[PDB]
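The structure appears right after this line, and notes come after that.
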RNA sequence: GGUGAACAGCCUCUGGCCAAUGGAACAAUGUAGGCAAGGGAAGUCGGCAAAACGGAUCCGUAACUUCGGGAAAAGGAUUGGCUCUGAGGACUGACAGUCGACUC
RNA sequence: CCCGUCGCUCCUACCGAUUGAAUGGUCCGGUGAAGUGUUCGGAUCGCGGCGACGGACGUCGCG
RNA sequence: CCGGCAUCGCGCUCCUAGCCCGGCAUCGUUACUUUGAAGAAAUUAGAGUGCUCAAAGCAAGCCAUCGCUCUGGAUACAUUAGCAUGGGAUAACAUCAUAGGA
RNA sequence: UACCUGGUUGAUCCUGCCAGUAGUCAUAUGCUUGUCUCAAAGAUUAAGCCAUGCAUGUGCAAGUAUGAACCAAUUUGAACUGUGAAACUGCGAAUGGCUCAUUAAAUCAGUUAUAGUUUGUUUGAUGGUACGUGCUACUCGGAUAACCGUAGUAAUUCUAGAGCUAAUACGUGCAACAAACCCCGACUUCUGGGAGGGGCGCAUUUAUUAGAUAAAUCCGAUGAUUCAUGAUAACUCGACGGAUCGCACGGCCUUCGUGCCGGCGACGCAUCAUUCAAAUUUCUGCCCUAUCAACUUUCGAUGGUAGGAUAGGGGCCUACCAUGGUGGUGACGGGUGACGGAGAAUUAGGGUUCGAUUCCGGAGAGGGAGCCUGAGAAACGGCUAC
Ligand SMILES: [Mg+2]
Ligand SMILES: [Mg+2]
Ligand SMILES: [Mg+2]
Ligand SMILES: [Mg+2]
Ligand SMILES: [Mg+2]
Ligand SMILES: [Mg+2]
Ligand SMILES: [Mg+2]
Ligand SMILES: [Mg+2]
Ligand SMILES: [Mg+2]
Ligand SMILES: [Mg+2]
Ligand SMILES: [Mg+2]
Ligand SMILES: [Mg+2]
Ligand SMILES: [Mg+2]
Ligand SMILES: [Mg+2]
Ligand SMILES: [Mg+2]
Ligand SMILES: [Mg+2]
Ligand SMILES: [Mg+2]
Ligand SMILES: [Mg+2]
Ligand SMILES: [Mg+2]
Ligand SMILES: [Mg+2]
Ligand SMILES: [Mg+2]
Ligand SMILES: [Mg+2]
Ligand SMILES: [Mg+2]
Ligand SMILES: [Mg+2]
Ligand SMILES: [Mg+2]
């Protein structure tokens with residue numbers, strides 16, 4: 001089947017390469033899992049070299065997302081794919097791969113920001129002193145969604161994980177999604 | 001091939017076993033163990049070849065199945081167990097003990113010793129590093145991993161190791177001025193004293209070692225193994241005191257033994 | 001910025017630009033400070049690498065690559081690829097029968113960081129890294145023009 | 001006007017006509033126009049007549065040659081509708097705004 | 001001493017209409033077994049809920 | 001044959017550092033030679049050893065050829081490429097005249 | 001032993017070849033042949049084709065024995081006892097043996113690298129939490145061989161149905177602290193707090209943070225790491241964290257109760273290290289040929305960025321982008337009666353020629369291809385298709 005050998009390639013000079021060997025299993029590839037964004041959740045195991053196991057996520061609906069400036073990580077649900085820096089056709093088909101741009105619920109992160117009298121206040125005034133809250137991340141909350149970037153390998157581990165966009169990286173994609 | 005190799009044909013065996021090229025088609029294949037199978041001596045060789053307590057492959061099998069033989073403190077049934085440098089081989093039935101150390105000609109010797117030297121061995125540390133939950137531990141070149149060592153034992157150092165309580169009972173800080181026995185190359189066995197170490201960023205470092213009687217030689221840091229702090233050893237050197245020599249000299253020695261005989 | 005010229009926004013791994021608490025005084029790659037690294041073996045990281053703004057995952061001083069293996073010197077032969085050069089190695093091959101020499105050569109592709117600058121026929125020292133493409137296994141460390 | 005490369009063919013608007021003796025029926029033989037299983041030039045002086053091919057895009061193209069050709073040689077693949085994506089511009093005050101008919 | 005045409009005999013190779021013949025390989029195009037992964041599918045098979053009903057059922061549990 | 005040095009021998013803080021002192025590392029690159037490392041064995045050369053000799057083999061030999069003694073199983077060559085050490089004759093490539101030199 | 005002799009002439013001195021003269025771990029052939037030691041042998045043409053037979057199975061005191069036997073044989077309460085065949089289970093059969101067809105920087109050799117990976121096994125170390133509202137463990141599931149018996153098919157380790165019965169096979173399910181820190185947080189007083197009680201093994205994925213200098217208390221490693229490793233926030237429909245098996249008895253009661261103990265071991269799960277290994281990988285090196293001067297690039301050719309896949313690096317593959325890569329120092333292409341080396345013959349030196357073959361590396365099993373199992377195979381004394 002699929003192979004990762006260099007034999008079928010042309011030499012760097014451009015000359016042909018003859019085949020002195022057959023294809024080996026230690027050299028194989030597998031065809032992708034082209035992971036979907038859909039509520040019919042499904043991850044499927046792979047038996048790989050060494051008797052180890054990998055996870056093909058075929059359909060994924062919820063993820064684990066980090067808000068780094070706040071150092072808060074909460075599970076949320078995946079709403080839709082909005083930008084994919086390799087191929088537009090992954091956006092149209094709503095495929096989850098590493099470095100895809102996705103909007104997420106914002107519901108868990110709004111409530112953590114809602115949190116954080118006598119004992120409780122005399123910390124809530126300690127906090128609320130350093131609030132900055134860029135108007136960009138504020139406006140998204142008013143819309144009910146957060147731009148996020150996947151940073152896991154869903155076809156490799158079976159999880160959609162990522163981080164809320166901030167600062168330059170939020171600003172850059174926002175100009176693109178315009 | 002499509003997997004491991006389980007046979008050792010005789011011509012392919014390590015030269016320092018002194019197996020004879022017509023004594024059969026294969027050799028004992030050293031099992032996986034604490035020593036690197038090219039710097040080892042299996043048990044089969046020690047019994048049948050050297051000690052001659054046996055005449056065949058099957059006879060050495062039986063001896064171990066009575067369990068007379070113990071290695072490094074523990075009873076070993078394996079026929080091709082990879083005994084190595086500074087192991088102890090002890091047969092309580094005969095009541096005998098051996099350290100495994102090199103000839104000047106670079107071949108393992110069973111060095112007969114008392115009980116009080118059987119209590120301990122020497123090991124050089126491969127590395128010291130943190131582990132699970134930051135619990136310091138060290139690699140030796142004998143496969144052993146000792147957790148909670150002195151924070152003084154750094155890499156390349158040597159340790160005394162009681163076989164009863166099993167933890168570090170002493171250690172030598174590998175550096176210039178101590179006596180060393182070489183465990184590889186053409187200089188293996190030759191003992192002497194570190195006179196200089198010149199390092200080379202991104203390569204192996206070279207050790208300069210001088211026999212007690214002047215002769216100077218060099219190895220790379222891999223094949224070095226401190227025995228004692230300073231000139232004195234912490235182990236009993238073999239039948240020749242680690243001093244290698246010209247071919248003329250041993251020619252002279254025989255005829256010098258052949259003038260008295 | 002000028003680095004950001006692609007369909008993805010370019011950033012260094014594990015450097016967090018939007019940090020709540022920042023300090024220039026900390027180690028590189030912390031508190032928003034550009035990561036930069038010592039390659040070892042006696043080479044010096046150029047200032048343009050240290051206080052650079054380019055992103056290059058393949059750079060010795062800032063990327064994810066480790067120099068190890070062999071260290072070759074040679075002459076730049078062509079500088080017409082994106083961040084890669086071909087360096088010509090010149091050497092003499094002994095012809096045993098005639099007890100004389102002949103001039104042979106080898107062309108070695110090596111990755112060049114944005115921090116350097118090479119023209120046609122400049123003295124370069126390259127270092128071996130993991131394969132970076134079909135033919136590239138070396139990384140330019142010094143350029144003597 | 002539409003289709004289209006097109007003053008091609010085909011349909012339409014302005015303008016012009018339905019002027020070509022009518023009715024009934026639907027035999028042979030004609031004349032003009034089609035289609036035919038299996039075979040495929042056996043027909044015939046002779047492939048006469050007919051059939052097959054045919055536009056455009058991509059690929060590929062031998063002998064021979066006066067080196068200009070042969071060449072659209074030969075030989076292949078594609079082609080609707082619908083829903084999208086990218087590229088290629090103008091003006092006005094590496095930007096912002098507005099506009100924009102067309103091609104791939 | 002000696003050269004070449006010509007006549008006769010043999011040997012080897014050359015050009016040569018014959019869209020000559022055979023064999024093996026390769027480029028492209030057409031068809032495309034079988035496997036592998038994906039999508040529906042669901043024969044039947046496991047607590048055989050419940051209705052608390054009279055080994056029988058359907059509401060069924062998810063696997 | 002050679003260290004170790006003075007002549008009109010560009011430094012050393014950092015390691016080796018003598019009883020104020022030898023013997024310091026980066027601010028041009030190489031070939032060439034010197035020594036070493038690390039180099040599979042079998043084969044080649046070569047030591048020992050009276051398989052009766054030899055081709056071979058890696059043995060065996062003395063003891064009271066008596067409850068064991070003594071053991072051996074050396075060593076070398078290995079073109080080129082790579083690593084390290086000193087030499088710096090010879091021979092390459094690069095380069096002090098905008099002084100942007102020390 | 002660094003060596004020559006015959007042949008052009010009427011004779012001479014040359015050039016120059018022909019011929020002789022020696023060997024081959026170099027093959028066949030012919031004639032001949034008494035003894036001892038030694039040992040090559042269907043490689044060359046046909047990697048052409050095969051009748052028959054064998055070459056891979058396996059059992060311990062230590063997973064499972066009334067399924068039918070054997071030897072003790074029972075005092076007829078308990079034993080299937082002691083030995084066992086079959087059979088289920090686990091492991092192995094990926095090594096070795098054979099050959100050299102394809103293969104010309106390719107395999108291969110010396111030499112590198114992995115900080116870019118997997119690794120059954122060995123050896124060493126290591127292992128808490130399953131849910132209980134972590135205020136100390138929370139209960140035991142049917143059904144399948146050997147066997148009994150009904151059968152089909154010409155058919156063979158072709159095959160169906162019913163009746164039993166085992167588990168270290170299969171599936172569940174009890175779990176060991178201060179919780180060590182961290183977040184809420186009734187009230188208390190005002191907090192820099194005390195806080196009642198709710199949330200935390202190990203793995204997995206992601207993110208944040210720590211992992212320290214330089215001379216007038218900083219503390220692991222490398223030539224070099226955002227390294228080792230720690231803290232935190234969560235995430236998983238978790239692979240895991242013992243319902244297993246031997247002999248040996250031998251301290252003492254708490255109800256004197258196989259009574260509380262507590263030993264040495266056999267097997268097993270998980271992380272790190274090691275070992276046996278591979279997979280890629282750097283530099284240099286290979287025969288003849290120019291009547292083979294350009295080759296590669298649409299459809300991967302050379303690089304870039306993002307992904308996907310892999311055990312992992314990489315145009316390995318995908319989308320977008322750029323126009324590169326090799327070549328008289330011979331690219332590309334052709335020939336090879338071409339696997340590479342260690343080596344072999346011959347040797348004054350320098351050389352010339354050989355290397356299928358017993359060691360090492362590679363590759364293949366009639367030709368192609370695709371796979372399952374497994375730590376390891378693109379396996380052929382495994383399967384699937386042509
Ligand atoms: Mg073995
Ligand atoms: Mg038109
Ligand atoms: Mg018209
Ligand atoms: Mg017809
Ligand atoms: Mg006709
Ligand atoms: Mg006719
Ligand atoms: Mg006719
Ligand atoms: Mg005619
Ligand atoms: Mg006609
Ligand atoms: Mg024509
Ligand atoms: Mg050199
Ligand atoms: Mg001669
Ligand atoms: Mg003449
Ligand atoms: Mg004559
Ligand atoms: Mg001759
Ligand atoms: Mg094999
Ligand atoms: Mg273990
Ligand atoms: Mg790329
Ligand atoms: Mg990539
Ligand atoms: Mg061949
Ligand atoms: Mg052959
Ligand atoms: Mg055959
Ligand atoms: Mg094979
Ligand atoms: Mg096969
Ligand atoms: Mg067979």
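Note that we place each Cβ from the backbone using ideal geometry, even for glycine, and neighbour counts take in every protein chain shown. Since every read-out is calculated from the coordinates, none of them should be taken as a lab result.
Side notes on the structure shown:
- If you check B:6, B:52 for being within 16 Å of RNA strand F (Cβ to nearest atom) and more than 18 Å from the chain's Cα centre (by Cα), only one passes: B:52.
- The number of residues in region C:125-136 being in contact with a strand residue (DSSP E or B) (Cβ under 6 Å, 6 or more places away or on another chain) and either in a loop (DSSP other than H, G, I, E, B) or more than 14 Å from RNA strand G (Cβ to nearest atom) (or both) comes to 4.
- Yes/no for residue A:72 being touching a helix residue (DSSP H, G or I) at 6+ places or on another chain (Cβ under 9 Å) and away from chain C (no Cβ under 14 Å): no
- Exclusive hit being within 19 Å of the chain's Cα centre (by Cα), within 16 Å of ligand 1 (Cβ to nearest atom) and surrounded by fewer than 19 Cβ atoms within 10 Å (Cβ to Cβ), set B:114, B:76, B:107, B:58: B:76
- Residue B:59 fulfils the conditions (1) in a helix (DSSP H, G or I); (2) within 13 Å of RNA strand F (Cβ to nearest atom) except for a single criterion, (2).
- Picking from residues in region A:53-65 that are within 22 Å of residue A:165 (Cβ to Cβ) and surrounded by fewer than 17 Cβ atoms within 10 Å (Cβ to Cβ), the one that is nearest to RNA strand E (Cβ to nearest atom) is A:61.
- Subset of region C:14-25 [within 24 Å of residue A:66 (Cα to Cα) and more than 10 Å from chain A (Cβ to nearest Cβ)]: C:14, C:15, C:22, C:23
- Checking B:142, B:150, B:175, B:115 one by one, the residue that is assigned to a loop (DSSP other than H, G, I, E, B) and under 22 Å from residue B:33 (Cβ atoms) is B:142 and no other.
- Taking (1) buried (at least 20 other Cβ atoms within 10 Å of the Cβ); (2) more than 16 Å from residue B:100 (Cβ to Cβ); (3) within 11 Å of RNA strand G (Cβ to nearest atom) in turn, residue B:129 satisfies each apart from (1).
- For the residues A:147, A:133, A:170, the requirement of being assigned to a helix (DSSP H, G or I) and touching a helix residue (DSSP H, G or I) at 6+ places or on another chain (Cβ under 9 Å) singles out A:170.
- Picking from residues in region A:10-52 that are within 14 Å of RNA strand E (Cβ to nearest atom) and within 13 Å of another protein chain (Cβ to nearest Cβ), the one that is farthest from residue A:103 (Cα to Cα) is A:17.
- The listed residue being away from every other protein chain (no Cβ under 14 Å) and surrounded by fewer than 16 Cβ atoms within 10 Å (Cβ to Cβ), out of C:33, C:82: C:82
Let's see how each residue does on (1) within 16 Å of RNA strand F (Cβ to nearest atom); (2) within 30 Å of residue A:144 (Cα to Cα); (3) touching a helix residue (DSSP H, G or I) at 6+ places or on another chain (Cβ under 9 Å):
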{"site": "A:12", "(1), (2), (3)": "no, no, no"}
{"site": "A:23", "(1), (2), (3)": "no, no, no"}
{"site": "A:44", "(1), (2), (3)": "no, no, no"}
{"site": "A:52", "(1), (2), (3)": "no, no, no"}
{"site": "A:68", "(1), (2), (3)": "no, yes, no"}
{"site": "A:87", "(1), (2), (3)": "no, yes, no"}
{"site": "A:92", "(1), (2), (3)": "no, yes, no"}
{"site": "A:100", "(1), (2), (3)": "no, yes, yes"}
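- Of all residues in region B:185-221, those being within 26 Å of residue B:14 (Cα to Cα) and in contact with a strand residue (DSSP E or B) (Cβ under 7 Å, 6 or more places away or on another chain) number 17.
- The set of residues in region A:75-87 that are surrounded by 17 or more Cβ atoms within 10 Å (Cβ to Cβ) and away from chain C (no Cβ under 14 Å) comprises A:76, A:78, A:79, A:81.
- Failed item in (1) more than 30 Å from residue C:53 (Cβ to Cβ); (2) away from chain C (no Cβ under 14 Å); (3) over 14 Å from the mean Cα position of the chain (by Cα), with residue A:129 passing the rest: (2)
- Some residue of region C:97-104 being under 10 Å from the mean Cα position of the chain (by Cα), more than 16 Å from RNA strand E (Cβ to nearest atom) and surrounded by fewer than 19 Cβ atoms within 10 Å (Cβ to Cβ): no
This table checks each residue for (1) crowded, with 16+ Cβ neighbours inside 10 Å; (2) away from every other protein chain (no Cβ under 14 Å); (3) within 9 Å of RNA strand G (Cβ to nearest atom).
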| residue | (1), (2), (3) |
| --- | --- |
| C:6 | no, no, yes |
| C:9 | yes, no, yes |
| C:39 | yes, no, yes |
| C:42 | no, no, yes |
| C:48 | no, yes, no |
| C:54 | yes, yes, no |
| C:70 | no, no, yes |
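- Selection status of residue B:98, away from ligand 1 (no atom under 16 Å from the Cβ), away from chain A (no Cβ under 14 Å) and either closer than 27 Å to residue B:11 by Cα or in a loop (DSSP other than H, G, I, E, B) (or both): no
- Scanning region A:135-178 for residues that are within 30 Å of residue A:42 (Cβ to Cβ) and within 11 Å of chain C (Cβ to nearest Cβ) yields A:149, A:151, A:163, A:164, A:165, A:173.
- Residue check, residue B:86 away from RNA strand F (no atom under 14 Å from the Cβ), within 20 Å of residue B:181 (Cβ to Cβ) and touching a strand residue (DSSP E or B) at 6+ places or on another chain (Cβ under 9 Å): yes
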